[PDB]
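Participant: Take these chains first, placed just as they are in the complex:
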Amino acid sequence: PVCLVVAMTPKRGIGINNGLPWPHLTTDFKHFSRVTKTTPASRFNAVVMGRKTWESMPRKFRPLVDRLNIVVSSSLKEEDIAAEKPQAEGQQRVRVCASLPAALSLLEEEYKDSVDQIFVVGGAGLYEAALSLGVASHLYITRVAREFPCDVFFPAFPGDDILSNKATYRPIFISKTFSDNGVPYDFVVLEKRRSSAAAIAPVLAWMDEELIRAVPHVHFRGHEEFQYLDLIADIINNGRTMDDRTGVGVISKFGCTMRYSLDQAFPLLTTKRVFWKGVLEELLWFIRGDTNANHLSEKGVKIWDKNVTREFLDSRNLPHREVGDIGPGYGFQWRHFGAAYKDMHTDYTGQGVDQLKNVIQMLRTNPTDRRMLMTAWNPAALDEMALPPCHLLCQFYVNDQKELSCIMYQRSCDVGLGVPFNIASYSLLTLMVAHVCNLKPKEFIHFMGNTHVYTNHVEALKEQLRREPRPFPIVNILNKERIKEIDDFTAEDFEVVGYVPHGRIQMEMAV
C-alpha cells in the first residue's frame, strides 16, 4: 500500500526543464515535509523518487533527512550518489532500484519491520508506473490554481474532475486556499474507492425525540466554500416553505453567518462560475454613487434591467421614473446620504453625507474608532427606490497588525444567485479600501437576515452540491502606485489569478 504526493497545475503540469514550473511554494514544501516524515514510534518513512527527480533537488536537501531515500534508476550507481557528498551519521544510505515493481520488493525484503508509510515523490515515470500497478491507496495532491508552462505531466486518472472541467479516485479531504508568490493552491487527499459519560447519555437520548448534504464523501472540509454549500444544504434540510412578493415559493432560514479569509486568496466561489465582471462593474458603479442602471446595462452587465423596466417602475408605484433609474439606491446613500434625489442625471456633488469618504478618513487617522460604518438603508427614501437594499450595512475594523476586516449585513438573501455575487462584491471592496488606507486585507464576515433558496432553483442547487470546490483565486490590484484614493480604481485595475471554477449553472432572476 503506497501513497502519491504531488503538486499539480490545473492541466496536470508538474515540471519543466527538470525544475518546478512555479516560484517556490513554502507552504507546499512544509506540507510535503510533514506528510513524508510524521508517524504515530519505532518506524521511519520511505521516499521513492526517479533519477531526474533526485537530480533536480538541491545538493543541500538530498538525501531527504529522516526518510529512506530510494531512487529508481538504471544509469546511476549506488556509489556515485555516495561520492556526491559524505553521509551524515544516523540515516539509511540512498538506495537504487531497476524499476518501481522492483523498488517496493526491496522494502518487502530488507525493510519489512522499519518502514511505516511509503511515498512516491516523482516524477511522471514513477507516477505513471504507480497508477498502472494500482498499488496507490491514496493521493496527496497540491492543486496549484495557476497554470504554468510544463513539459512533464502527471497522468490523467478517473475522477480528475477535481483539477479542471472535462477503479476511481474520490476526494476525502479539501483544505482551505493558501498562497505564495502570487500563486494560489490548496491540498487535497484522494482515496482509491471503486462511566463518566455513560451517565450523561440517556438524558441526551430522550432529549431529541424528533436529508441532503454537501459532498458527502469529503470528511475533512477545510475549504471555506463549504460554508456556502452547507448553508444551501441546511436551508434545503431545515428551512421553511414560504410565499413571496415575487409570487415564486421560497424556503427560508433566519439568521445566517459566513466568514472568509482575505490574506491568502479571494473568495470567488468555485462550485459555479461567478459573474466577476458583474461584481466589479457594479461595485465601481456603487462607489461612483451612480443610480443609472443603463451605465451597467451597456457594459454587458444586465443584472439590474428587470428591476428598472417601464413595467416594474409603474408597479413599484413610480410612473415618473426613467427606465434605468434605481432611485436613491445603494451607491447614492453611500456617497450622498440624505440628499434630495431628482433623477439619475442630476449632479449630487457635495450634498448629503459621504459615508465612504468618512469611513476611510477614520480608518486612516483613527482606526480604533467603533463608528466606521456605511449604511444604504434610508427609511426616509425607501419608497423612492425601485427596490430596497439587500446588503444594507457594513462595518470596518482594524487590529494590531494593521489588518482590515469587514462585516456586511444583508436583510434578504437569494442563496443560489445573489449570495456568491455578494460575497465576492464586498470582499473586493475590502481589498480596495485596504489598499487606499495602507492596510492588509484580513477577513470578510457575512451577516444574513432572511436567507432563502427559491423553489425553482432547488433542482439546480442539488447539482451544485455534488461539486467539490476548487482552490480560490487571487485577486490582484494592479497599478498599486497610481491608485491613492477610493475613486481612483477603474475596471482594468484588477486581475483575477488562477480562477478554475466548475461549469456555468443557469438560474433565473426572480423579477
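Facilitator: Arrived safely. Numbers count the residues shown, from 1 in each chain, chains lettered A, B, ... in the order given.
Participant: so what secondary structure elements neighbour whichever strand or helix holds residue A:137?
Facilitator: Assigned by DSSP states H and E, residue A:137 belongs to strand A:136-144. Secondary-structure packing of strand A:136-144 (3 or more CB pairs under 8 Å, 6 or more residues apart in numbering; DSSP states H and E): strand A:2-8, helix A:26-37, strand A:183-192. C-betas here are computed from N, CA, C, even on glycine.
Participant: so how far is it from its chain's centroid?
Facilitator: With CA atoms, centre = their mean, to the nearest Å as the basis, strand A:136-144 stands 19 Å off its chain's centre.
Participant: List the pairing partners of that strand within its sheet, with orientation.
Facilitator: Here strand A:136-144 is paired, per DSSP bridges, with strand A:2-8 (parallel), strand A:183-192 (antiparallel).
Participant: Against which helices or strands is the next helix or strand after the first one packed?
Facilitator: Right, the one you point to is strand A:2-8. Later in the chain than strand A:2-8, the nearest helix or strand by DSSP H and E is strand A:13-15. On a contact count with 3+ CB pairs under 8 Å, 6+ apart, strand A:13-15 meets strand A:2-8, strand A:152-153.
Participant: relative to helix A:26-37, how tilted is the longest one?
Facilitator: Following axes from the mean of the first three to the mean of the last three CA atoms, to 10 degrees, one obtains 170 degrees for the angle between strand A:2-8 and helix A:26-37.
Participant: Residues in contact with strand A:2-8: which ones?
Facilitator: A:14, A:20, A:22, A:25, A:28, A:32, A:35-36, A:48, A:104, A:117-122, A:127, A:130-131, A:135-144, A:154, A:163, A:185 (CB atoms under 8 Å, 6 or more residues apart in numbering).
Participant: Among the residues you listed, the buried ones, what's the ChimeraX command?
Facilitator: Entered in ChimeraX, the line below selects the buried ones among these, by 16 or more other CB atoms under 10 Å:
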select /A:14,20,22,25,28,32,35,36,48,104,117,118,119,120,121,122,127,130,131,135,136,138,139,140,141,142,143,144,154,163,185
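Participant: what's the closest of the helices and strands packed on strand A:13-15 to residue A:76?
Facilitator: strand A:152-153 (18.5 Å; CB to CB).
Participant: Sequence for chain B below, add it please:
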Amino acid sequence: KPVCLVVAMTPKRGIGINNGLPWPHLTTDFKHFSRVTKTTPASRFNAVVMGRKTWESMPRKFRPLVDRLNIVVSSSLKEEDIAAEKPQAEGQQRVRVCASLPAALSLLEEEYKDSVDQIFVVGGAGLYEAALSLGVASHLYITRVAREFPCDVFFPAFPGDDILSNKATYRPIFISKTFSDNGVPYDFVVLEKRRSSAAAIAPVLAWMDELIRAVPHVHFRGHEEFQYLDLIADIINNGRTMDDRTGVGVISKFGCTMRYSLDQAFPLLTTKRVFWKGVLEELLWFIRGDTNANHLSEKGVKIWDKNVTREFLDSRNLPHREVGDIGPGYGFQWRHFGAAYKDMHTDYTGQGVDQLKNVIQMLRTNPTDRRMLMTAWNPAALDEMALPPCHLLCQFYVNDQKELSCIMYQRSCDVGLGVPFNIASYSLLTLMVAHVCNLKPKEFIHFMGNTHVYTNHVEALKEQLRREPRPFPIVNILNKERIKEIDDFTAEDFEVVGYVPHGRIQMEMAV
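Facilitator: Chain B now in position relative to the chains above:
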C-alpha cells in the same frame, strides 16, 4: 455498588408539599424521569428505590413503576401491603420492602446481582439524606425547577448546591437549556462526585492543528448562556489589544454571533444579576421615542446620566444641549427617522419615519415581507447625537407557524456590561411585538460588530466564568387584553418569574 439520585428541585431545595409535588404538571420532567430510570444497554433492568411517602404520593396507575424493580423503604409497610394494593402484571418485577437503605443495597447485591443494571434513589428527603451520608451516590440527576413554590419537604444540603441558588464534592458535568411547562421554567443538570482508513487523513491534520475556559468541567453545554460565557473566554484568549476612544485598554474581536430561544424561557442571563428594572425602563423610553435621560434618571436608572453630563455634552461639541438630552437618540429615530431635532422637550409626533409603526403593520398584514427592519443609525444626524447608537438595527421575521424571530446588529459590544443587557433588551421587544401582532415568540439572534471586553474587567470576568449558569426565567406579559398596541405597555405589565442569578460583580461604566 454505586447509586444515582434523580430529583426535581425548587431553588430553596424544596421537593414536596402535602405528600405531593409542589408545582403544576411538568410533562418534560416526567418524560426525562421515565427515560432515565428505564433505558438499559440485553438480559438486564434498572432498580428504583423510594420511601414510603413517595410511594403514597404517586398516582395508582403509575405504581409500581413499569419495567423497573421498585423498592420501598418502610417499617410500617410490609411486602404484602403492596401486593394486595394492585394485582401484579405478568412479566414485571415484584416490589420489595426494606427497613433501611443499607438493607436495600444489601438486598440488591444478595439477590439481584446479574439482574439489575442501575440503581436509582427516587425519593424522598429521608432516602436522599441517607444516600448522601453513605457516600454511595455517584451521580445526581437534578431537575432544577427555577420557580419558588410552597414546600414542606426538602432535598438535603450538599457540597455543590451552589448550582441551585446563592451561598467529597458534587460538580456539574451536564447543564441543559431551559424548558418550561405551565408557566414554570426548569432545566436538567447531572452532577458528579469528585472530591489508514481514516488515519491516512490525519497526517495533514497534524501541522494544521494547534487557555481560559469557563466551567470547563461541564462537558455538555446545552444552556444557551454558555454562548455568552464562551464568547467572553474567546475574546480574552484570542482577541487583539486595542487602545480606545476613552483611553482604557481593550481586548476585542470582530463578527461574533449568539442566538437565544424565546419559546420556552427568557434569556435574562443568570451568571451575574442583570438590572432588569433598567432594561424595561430603557426600552419603554425608546418606544415613547424619548430623548430625555432625566426621565430614566428620576426612575432609578442612571445608565445614561454619565453620557448626558455637561462635561460629556461639551466634549461631544454640543454646548446648547440641556442636561439629559441624548440628542436624536435611538428612541428618536425608531419613531421619527429623519425628523429635524430641536430639544428633548419639543413634540415630534408625526414628523419623520415611524419605523416601529411600519414594522408592526407589515407584521400584522404581510408577514412574508423582507423589508421588516428598524434602524437607529442616521449618518446625517450622528453629529447631533450625544452618542452614536451601539444597537443600530433590528430585523423581524415571521415563520410558517406565526413564529416571530428577531435579529439585532450591534456595532460595538461591551461584553462585560452591555451585552447581557442588550440580549435582554431586544428579547423583551420581541416578546412585546409578538403579543401586539398576535404571534408566538421563537428566537432572538444577536449579531455583533466590535465585540470587546475592557481590561479593567478582565479579573472581574475570569471570576464570572467560574460560575455555571442557572435556568433562565420566564417573563410574562401581564394584562394581555388591555395591551393591543406597542405604546399600550407600561412598566407594570411585566413579571419576571423564577429568576435566580449569581452575585453582583462591580463593573464601572466607561464614559
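Participant: now with chain B: the contacts of strand A:2-8?
Facilitator: A:14, A:20, A:22, A:25, A:28, A:32, A:35-36, A:48, A:104, A:117-122, A:127, A:130-131, A:135-144, A:154, A:163, A:185, B:200 (CB atoms under 8 Å, 6 or more residues apart in numbering or on different chains).
Participant: Would you mark the buried spots in that strand?
Facilitator: Within strand A:2-8, the residues that qualify as buried are A:2, A:3, A:4, A:5, A:6, A:7, A:8, counting by 16 or more other CB atoms under 10 Å in any protein chain shown.
Participant: Dump these to a markdown table, plus distance to residue A:393.
Facilitator: Putting those into a markdown table (distance: CB to CB, whole Å) gives the following:
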| residue | distance to residue A:393 |
| --- | --- |
| A:2 | 54 |
| A:3 | 49 |
| A:4 | 48 |
| A:5 | 46 |
| A:6 | 45 |
| A:7 | 42 |
| A:8 | 42 |
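Participant: Which member of those is positioned nearest residue B:422?
Facilitator: Relative to residue B:422, the closest of those is residue A:7; by CB to CB it sits at 49.3 Å.
Participant: Spatially nearest residue to the closest one (excluding sequence neighbours)?
Facilitator: residue A:142 (3.9 Å; CB to CB, 6 or more residues apart in numbering or on different chains).
Participant: From residue A:67, how far out is that neighbour?
Facilitator: Note on residue A:142: its distance to residue A:67, by CB to CB, to the nearest Å, is 18 Å.
Participant: do the same with residue A:55
Facilitator: 18 Å.
Participant: And the two? Which one has more around it.
Facilitator: residue A:67 (19 against 13; other CB atoms under 10 Å in any protein chain shown).
Participant: Okay, and the beta partners of the more buried one?
Facilitator: Here residue A:67 sits in beta bridges with residue A:45, going by DSSP bridges.
Participant: got the buried residues for the longest strand belonging to chain A?
Facilitator: Counting by DSSP state E, the longest strand found in chain A is strand A:440-454. Of all the residues in strand A:440-454, those buried under the rule 16+ other CB under 10 Å are A:441-454.
Participant: give me the number of residues near residue A:503?
Facilitator: 9.
Participant: One more: the one 5 residues further on?
Facilitator: Using other CB under 10 Å, residue A:508 has 12 neighbouring residues.
Participant: same thing with residue A:149?
Facilitator: 9.
Participant: So it is in contact with residue A:16, correct?
Facilitator: Yes: Residue A:149 lies in contact with residue A:16 (CB atoms under 8 Å); the separation is 5.7 Å.
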